[PDB]
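Step one of this worksheet: look at the structure below.
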Ligand SMILES: O=C(c1ccc2ccccc2c1)[C@@H](c1cccc2ccccc12)P(=O)(O)O
């Protein structure tokens, strides 16, 4: 999270910490609790052995509130393109049901086809890198004004306004970055997007996954 500020310890229970460090490289990832035994994260944060941890703030410290539940099944989107980076969404069925508490509890998802007009004020969180020189052990966050699909349409190559979202204001040196991939973009207390990709420079706008479009699959997969 570039330009963001540290979140109030456990202010975001649904915030999950991905640890792909085992079956596919070793680079932390974001994710949010959508259900009791399901976590939503980018389809690229995949691994053959992911260890999710709920109810945390500082991953570099053994918090008694922390919940270390391994991923029993990391499902990727049937049409997740690796070249165009489309359908970048993945669900993680924990090996057990999280113990819902003030520190751990699912987040409300948006409705099908639920749009997100530009000018909206969203908030993204995650333990991602604050910069390309330093990182962070404690979950940080920042607000991102959703911009029109016009911008990202003249920046990124494979950008679909139907399944992707154009977030982040270029005029501001603040936005999701390396390590935030998977973190949800909550707008109106509703996880609307998922940090997909962006300019390797960390300079916004950036691309976010439109969850409201992958509802059918989301439900079908969990159900
Ligand atoms: O390289 C990445 C990257 C780079 C620049 C960024 C700029 C702004 C916002 C996010 C950005 C993310 C990701 C990443 C790592 C490793 C493999 C990936 C495969 C597909 C998509 C992302 C992947 P990440 O390590 O999962 O975080």
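Residue numbers (the entry's author numbering): 16 to 36, 36A to 36B, 37 to 61, 63 to 148, 151 to 183, 184A, 184 to 187, 188A, 188 to 204, 209 to 221, 224 to 243.
For every residue, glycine included, the Cβ atom is placed at its ideal position computed from N, Cα and C.
For the alpha helix (DSSP H) containing residue i, list its first residue and its last residue.
i: residue 167; result: 165-169
i: residue 83; result: Residue 83 -> not in any alpha helix (DSSP H); beta strand (DSSP E) instead, spanning 81-90.
i: residue 238; result: 235-242
With residue i as the anchor, note down where its beta strand (DSSP E) starts and where it stops.
i: residue 67; result: 65-68
i: residue 98; result: Element bounds for residue 98: n/a, residue is neither H nor E.
i: residue 180; result: 180-183
i: residue 199; result: 198-200
i: residue 136; result: 135-140
i: residue 214; result: 209-216
i: residue 230; result: 226-230
i: residue 154; result: Neither: residue 154 is in no beta strand (DSSP E) and is coded neither H nor E.
i: residue 53; result: 51-54
Just the C-alpha distance for residue i and residue j, rounded to the nearest angstrom, thanks.
i: residue 32; j: residue 193; result: 10 angstroms
i: residue 153; j: residue 71; result: 8 angstroms
i: residue 83; j: residue 107; result: 10 angstroms
i: residue 280; j: residue 44; result: Limits of the chain in this structure are 16 at one end and 243 at the other, which puts residue 280 out of reach.
i: residue 77; j: residue 143; result: 21 angstroms
i: residue 141; j: residue 155; result: 4 angstroms
i: residue 18; j: residue 114; result: 31 angstroms
i: residue 232; j: residue 216; result: 20 angstroms
i: residue 122; j: residue 202; result: 10 angstroms
i: residue 54; j: residue 96; result: 16 angstroms
i: residue 38; j: residue 188A; result: 29 angstroms
i: residue 87; j: residue 110; result: 11 angstroms
i: residue 178; j: residue 218; result: 23 angstroms
i: residue 89; j: residue 125; result: 21 angstroms
i: residue 151; j: residue 46; result: 23 angstroms
i: residue 169; j: residue 185; result: 14 angstroms
i: residue 236; j: residue 180; result: 16 angstroms
i: residue 27; j: residue 171; result: 31 angstroms
i: residue 7; j: residue 239; result: Nothing in the structure corresponds to residue 7, since the chain is present only between 16 and 243.
i: residue 176; j: residue 145; result: 27 angstroms
If we call anything under 8 angstroms between Cβ atoms a contact, is residue i one with residue j?
i: residue 213; j: residue 138; result: yes
i: residue 63; j: residue 36B; result: yes
i: residue 22; j: residue 157; result: yes
i: residue 161; j: residue 182; result: no
i: residue 112; j: residue 85; result: no
i: residue 35; j: residue 69; result: no
i: residue 209; j: residue 198; result: yes
i: residue 173; j: residue 225; result: no
i: residue 56; j: residue 94; result: yes
i: residue 73; j: residue 191; result: no
i: residue 229; j: residue 105; result: no
i: residue 42; j: residue 196; result: yes
i: residue 136; j: residue 159; result: yes
| field | Any 3 or more C-beta pairs closer than 8 angstroms across the stretch 116-123 and the stretch 91-104 | value | no
| task | May I ask you to verify whether the stretch 128-144 touches the stretch 50-61, counting CB pairs closer than 8 angstroms and requiring at least 3? | result | no
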